[PDB]
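Student:
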Amino acid sequence: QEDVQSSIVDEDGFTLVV
Amino acid sequence: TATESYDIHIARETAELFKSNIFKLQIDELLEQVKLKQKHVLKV
Amino acid sequence: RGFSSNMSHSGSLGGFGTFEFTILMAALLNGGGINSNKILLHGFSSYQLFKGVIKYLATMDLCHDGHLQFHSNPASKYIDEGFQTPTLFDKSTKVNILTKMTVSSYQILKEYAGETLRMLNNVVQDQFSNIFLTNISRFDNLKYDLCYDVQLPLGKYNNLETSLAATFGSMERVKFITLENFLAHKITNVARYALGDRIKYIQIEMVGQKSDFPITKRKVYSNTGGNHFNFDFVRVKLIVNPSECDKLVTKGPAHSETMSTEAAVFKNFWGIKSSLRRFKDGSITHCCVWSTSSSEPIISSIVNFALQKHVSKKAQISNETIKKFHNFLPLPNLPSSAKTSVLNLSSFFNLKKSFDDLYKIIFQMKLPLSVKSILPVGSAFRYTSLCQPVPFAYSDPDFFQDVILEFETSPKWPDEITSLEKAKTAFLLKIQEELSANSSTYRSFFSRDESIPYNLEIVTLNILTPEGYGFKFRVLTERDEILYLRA
Amino acid sequence: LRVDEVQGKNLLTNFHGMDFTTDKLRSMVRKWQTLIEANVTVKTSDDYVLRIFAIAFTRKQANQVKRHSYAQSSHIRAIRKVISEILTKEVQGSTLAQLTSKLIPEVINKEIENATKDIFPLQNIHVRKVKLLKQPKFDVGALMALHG
Amino acid sequence: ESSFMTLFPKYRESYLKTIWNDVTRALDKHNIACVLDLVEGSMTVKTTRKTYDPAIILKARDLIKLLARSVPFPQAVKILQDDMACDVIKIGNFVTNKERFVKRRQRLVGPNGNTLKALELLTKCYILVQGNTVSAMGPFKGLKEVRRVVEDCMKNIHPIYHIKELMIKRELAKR
Amino acid sequence: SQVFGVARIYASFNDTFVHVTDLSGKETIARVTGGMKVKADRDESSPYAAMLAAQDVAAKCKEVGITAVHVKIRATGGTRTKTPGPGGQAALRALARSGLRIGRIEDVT
RNA sequence: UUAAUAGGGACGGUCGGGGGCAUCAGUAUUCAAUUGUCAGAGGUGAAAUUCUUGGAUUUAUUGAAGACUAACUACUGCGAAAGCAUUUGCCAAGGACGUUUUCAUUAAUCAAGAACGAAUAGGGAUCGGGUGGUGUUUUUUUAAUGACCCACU
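So the protein lines, in turn, are chains A, B, C, D, E and F.
Throughout the first sequence, residue numbering follows PDB author numbering, covering 199 to 216 in sequence.
Throughout the second sequence, residue numbering follows PDB author numbering, covering 81 to 124 in sequence.
Throughout the third sequence, residue numbering follows PDB author numbering, covering 373 to 445, 453 to 866 in sequence.
Throughout the fourth sequence, residue numbering follows PDB author numbering, covering 86 to 233 in sequence.
Throughout the fifth sequence, residue numbering follows PDB author numbering, covering 38 to 212 in sequence.
Throughout the sixth sequence, residue numbering follows PDB author numbering, covering 11 to 119 in sequence.
What follows is the structure, encoded as structure tokens:
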């Protein structure tokens, strides 16, 4: 649970910015 | 007065200038299509 | 539009041509208003002048509610009194210009004047090819709604007192000079009083009429159509009112103590079809009660009885084409379906009533997620199902109607499409548990939906009512488009 | 209710407006809380124009220590705004036959609650009033769709 | 059928918590239903199917409105009688200044509650001023006089014309 | 089961008003008020005269055919005394004792 | 030569029934019209004044007007006071808090004169801000704003 999915969707936002 | 009907005329020309111009070019093209030639007129 | 200066009183479409157009606009350049104000100016463009003519023809009546006064030798003055005839009256020459026009030709001319005026008021789409480059009078089946083929074998003149139901004596030769003028006027009156508000407009056509004949003859001689008069047959062309055409009861005068004039014209006009009825509001009226048909409208029967009663016993009215177009409709397995009119949608209404009986029961069930919407998107809800909805006829593919189902906006919807559609599935399992729990008259099961590519987990809820109809339920959420555009 | 078309001791009627009791709006306004109201005017599918109302009251929670628990007056600028788009997405589609049917189980009030929860939750919220002003035309034929 | 309900502040809460039994005793004499909500802080009276005369629920409304503004209960139970008329006077919407509101409230009650009690002798009424309200029970013309004097006291009209005026009117009725 | 209307008692000061109307409300029936049946000008809102006028209104009600009714009580309100009169109870008591039917009444102050 | 718990200035998230301008909702009152209806209606301690069968009162409908934001509304918040409570938008402005930003005593108090106005140190509560959280909740939605509560200032 949470922390890992927040890391993955954190990487998804990393793809959202650039 | 003349200024009031002048404003009505300019406002109405503003209201119909679009289809007046495009429909006017349609008038030029269609009257270019349906025009009689003069040599047939002298012929009759 | 087939409009010309030719005599429309002979059963043609005309009376108003280019010459009457130029007299009309030339009269508009010398007034035209009610208080003799000028409608058109000499400094206008041809769109402004022509638009003023179409606006005058669309807005100002010259037949019933007014006429136009003008001077050929002084301002044009519109008068609000009509002579029950298309009236365009010169004072200098005392000539009514529109004498060649009939009443229906002027009402149809005003109708095309209003259609054309609305097309000139369109500022989005182009109507140039519509107004000036489209032929509507090439085919009457496109121009008109109905066309009745009327055969009239009238023979000679001395046969007319035996073949015409009316009397063509001296006075009809005085006012109505020919046979075809009193014929078109008479059939126009019988058909106009016969239908009334079931239609909107009508033209009567003498098919096969001629205006040319050689120098070796005195007049046009003919023998075709069973008579020696200048037509083959008579076509009845009809512009149909959609709101009042297929009603069961042709309305007549109200029944009172003393018989009025209109009740004598009514009962004289219908005879055995003239009757009395208490309406729904309790009014006792003279009327006519008819029967609808899925093969033909009532209008053919009214024109048939009116022309075979009041014009000629030898008339042969035929329109089998519209009978074919009604007959190629798939006749649904319903009681009195053959005696059901084409505009009736009562089976769709019964599916709507059974759907609302379903809607009240399902829409008030208790759930962990409250239903946002139960929205029908079926073809039978937009009345386009190719087969009309028959109870218990499940073999048709338009039987199960699709219904959109929406729950409350809640974060209980997962972030993966298979578990999302399986959550919709388990929600439909709770719906089926309540439905089979307490509404066992409604039958139900589950099916797959694989018409959407690569989403094999869509499960539709199929419900069969004791009214004999079936629905498939599908669920739409707000997480859907996020996952699809996400994908 | 609004009276439209009769047939011989058989008179249909149309919706005219939603009303609320006296006592309860005199009852629901408690001391030491925050009163929030809203309205908008909008055109529907057929061009019925209605001014809807919306009233909103704040609740207290479990284990609250203080006695008042008001809002912060910038939440209220947000919550009045948040409600406003929820009102417009509901309306202008599939009029009173479905719209009044949405009003009866107060699904829309729960939809308000589904969005308001991220700011400050609330209590009883109702719409409490609706009115009609701009019905276009009679339309007896579509009025007979509700009739059987 | 009919459901009348009102609220209460939380300092009255313990008192009504102690006497709600006698509330539903004087209330059960008239065959009415009632519930007490703690988390709302409300009292709700509702009619039963076994009621004799329904109109008393209006009185019951006033009665729980009497408990809405902290009226003592043996004084409050007079409203169920026939010859009783009551009045809650809301005095909030007159002055924006809280200072002048204290000036006119303290001016109304007078020093030591004398002048207020004077009204309770001049109108022969029970008057219990609760914050932004003024409680009045008793005769009907007495309620006309109390509402007249209070609604003239929230303005700049000095009440000595009312004490002296009803002082005249009491002695003229003696004669 | 019954025919229904609204009675709409307007209990004001110095007189109390009643007018039993139809369910639409625009059509009134048998209005006659309390001050009519007394000539003293002081007891126009008394409960004793309120019982007399409401008995007469209940008399003319069943004489037409109306058998059941609701009521909407109404004090003066607005900027006024906001409180129902004495005979507003006595109007409601006299018609209920007459034998009419009552259900779900409300306030329109 | 420092950068005062002297003063002043800058920025950030803000805060306010703070001001100026604009827009809008609500019912009430009065008046006019239409409908049902038809001898009384206002008023006082009663008297008296007032209205009325061209129908008074009331009912239901519509328009108009000016006025205001009823419960919540507090020993709360703002303004130097005079004063400031409908939605929404614009326009500057203000303080506090935060700050490892800037000048450097530029300061404090007051006749004359100006404008506006009739003319000692704890206890508890609460407002605004900030910070910490072996904290909760909204979270079957990945996250996360927000509220809540403990503690500090």
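Note that beta-carbon positions come from the ideal geometry of N, C-alpha and C, so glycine has one too.
Is there contact here, the region 804-816 of chain C with the region 695-708 of chain C, by at least three beta-carbon pairs under 8 Å?
Tutor: Result no; under three Cβ-Cβ pairs closer than 8 Å.
Student: Should residue 476 of chain C and residue 406 of chain C be called a contact, given that it needs their Cβ atoms to be closer than 8 Å?
Tutor: No, these two residues do not count as a Cβ contact at 8 Å.
Student: Please identify the residue among C:386, C:430, C:663, C:768 whose C-alpha is closest to the C-alpha of residue 635 of chain C.
Tutor: Nearest option by C-alpha distance: C:663.
Student: Bridge partners of residue 755 of chain C, per DSSP?
Tutor: DSSP, once it has assigned bridges, lists C:782 as partnering residue 755 of chain C.
Student: Select from the region 101-134 of chain D all residues with a C-beta closer than 9 Å to any C-beta belonging to chain F, and list them in chain order.
Tutor: Taking 9 Å as the Cβ-Cβ cut-off against chain F, the residues of the region 101-134 of chain D that qualify are 106, 107, 108.
Student: In whole angstroms, what is the alpha-carbon distance linking residue 103 of chain F and residue 124 of chain E?
Tutor: Residue 103 of chain F and residue 124 of chain E: Cα-Cα distance of roughly 21 Å.
Student: Compute the Euclidean distance between the alpha carbons of residue 773 of chain C and residue 730 of chain C, then round it to the nearest angstrom.
Tutor: Taking the straight line from one Cα to the other gives about 13 Å.
Student: What does a CB cutoff of less than 6 Å around residue 131 of chain D pick up in its chain, not counting 5 residues either side in sequence?
Tutor: Around residue 131 of chain D: 180.
Student: Which residues in chain D have a C-beta closer than 8 Å to the C-beta of residue 41 of chain E? List them in chain order.
Tutor: Chain D residues near residue 41 of chain E: 108.
Student: When the cut-off is 8 Å and only beta carbons count, does residue 115 of chain B lie next to chain C?
Tutor: Cβ-Cβ to chain C under 8 Å: no for residue 115 of chain B.
Student: Could you pull out every unbroken alpha helix (DSSP H) segment of at least 4 residues lying fully inside the region 673-749 of chain C, listed in chain order?
Tutor: You should have 678-689, 699-706, 725-742.
Student: From residue 719 of chain C to residue 93 of chain B, what distance separates their C-alpha atoms?
Tutor: Taking the straight line joining both Cα atoms gives about 54 Å.
Student: So residue 167 of chain D and residue 200 of chain D are supposed to be a Cβ contact under 8 Å. How far apart are they, rounded?
Tutor: Right, the Cβ-Cβ distance comes to about 5 Å (below 8 Å), so this counts as a contact.
Student: Check the Cβ of residue 117 of chain F against every Cβ in chain D and list those closer than 8 Å, keeping chain order.
Tutor: Correct list: 107, 108.
Student: Using DSSP's beta-bridge definition, name the partner residues of residue 375 of chain C.
Tutor: Answer is none; residue 375 of chain C lacks a bridge partner.
Student: Determine the extent of the beta strand (DSSP E) in which residue 139 of chain D is found, giving its start and end residues.
Tutor: Its beta strand (DSSP E) spans residues 134-142.
Student: For the candidate residues C:468, C:856, C:426, whose alpha-carbon lies nearest to that of residue 496 of chain C?
Tutor: For the residues C:468, C:856, C:426, the minimum Cα distance to residue 496 of chain C belongs to C:426.
Student: Please list the partners that residue 46 of chain E has in chain D, where partner means a Cβ-to-Cβ separation under 8 Å.
Tutor: Those are 116, listed as they occur along chain D.
Student: Do the region 128-147 of chain D and the region 200-212 of chain D meet, that is, are 3 or more Cβ pairs less than 8 Å apart?
Tutor: With the cut-off at 8 Å, the region 128-147 of chain D and the region 200-212 of chain D touch.
Student: What does the alpha-carbon distance come out to for the pair residue 674 of chain C and residue 465 of chain C?
Tutor: When rounded, the distance between both Cα atoms is 38 Å.
Student: Classify residue 121 of chain D as buried or exposed, calling it buried when 16 or more other Cβ atoms lie within 10 Å of its own Cβ.
Tutor: It is buried - the Cβ of residue 121 of chain D has at least 16 other Cβ atoms within 10 Å.
Student: Drop a sphere of 10 angstroms on the beta-carbon of residue 612 of chain C, count the other beta-carbons inside from all chains shown, and report buried for 16 or more, exposed for fewer.
Tutor: The residue is buried, with at least 16 neighbouring Cβ atoms inside 10 Å.
Student: Could you confirm whether any beta carbon from chain C is found closer than 8 Å to the beta carbon of residue 202 of chain D?
Tutor: False, the Cβ-Cβ gap to chain C never drops below 8 Å.
Student: Provide the residue(s) that pair with residue 450 of chain C in DSSP beta bridges, ordered along the chain.
Tutor: Between 445 and 453 in chain C the model has nothing, and residue 450 of chain C is one of the residues in that span.
Student: Tell me the residue span of the beta strand (DSSP E) that contains residue 91 of chain D.
Tutor: First-last of the beta strand (DSSP E) with residue 91 of chain D: 87-91.
Student: Which of the residues in the region 391-425 of chain C, read from start to end, lie with their CB under 9 Å from any CB of chain B?
Tutor: Listed by position along the chain: 417, 418, 419, 420, 423.
Student: Just tell me which of F:87, F:113, F:31 has its CA closest to the CA of residue 124 of chain F.
Tutor: A query on residue 124 of chain F cannot be resolved here, the shown segment of chain F reaching from 11 to 119 and no further.
Student: Helix, strand or coil: how does DSSP classify residue 576 of chain C here?
Tutor: Correct three-state label for residue 576 of chain C: helix.
Student: Taking Cβ-Cβ distances shorter than 8 Å, what residues in chain C pair up with residue 195 of chain D?
Tutor: Near residue 195 of chain D (Cβ distances below 8 Å), the residues of chain C are 749, 787.
Student: Name the chain F residues that come within less than 7 Å of residue 91 of chain E, Cβ to Cβ?
Tutor: Simply 112.
Student: Helix or strand or just coil, what does DSSP make of residue 776 of chain C?
Tutor: Looking at residue 776 of chain C - three-state DSSP - the assignment turns out to be coil, as it is neither helix nor strand.
Student: What residues from chain B crowd round residue 502 of chain C, counting only those whose CB sits closer than 8 Å?
Tutor: Within 8 Å Cβ-Cβ: 98, 99.
Student: Would you mind working out which of C:764, C:380, C:400, C:811 sits nearest residue 422 of chain C, comparing C-alpha positions?
Tutor: Checked all of C:764, C:380, C:400, C:811; the closest Cα to residue 422 of chain C is C:400.
Student: So what does DSSP say about residue 222 of chain D, is it helix, strand or coil?
Tutor: It is coil, neither helix nor strand.
Student: What are the complete alpha helix (DSSP H) segments, minimum 4 residues, inside the region 76-130 of chain E?
Tutor: Counting whole runs of 4 or more residues, the region 76-130 of chain E contains the alpha helix (DSSP H) stretches 93-105, 110-113.
Student: List, in order along the chain, the chain E residues whose C-beta lies closer than 7 Å to that of residue 102 of chain F?
Tutor: Ordered by position in chain E, the residues that pass the 7 Å Cβ test against residue 102 of chain F are 92.
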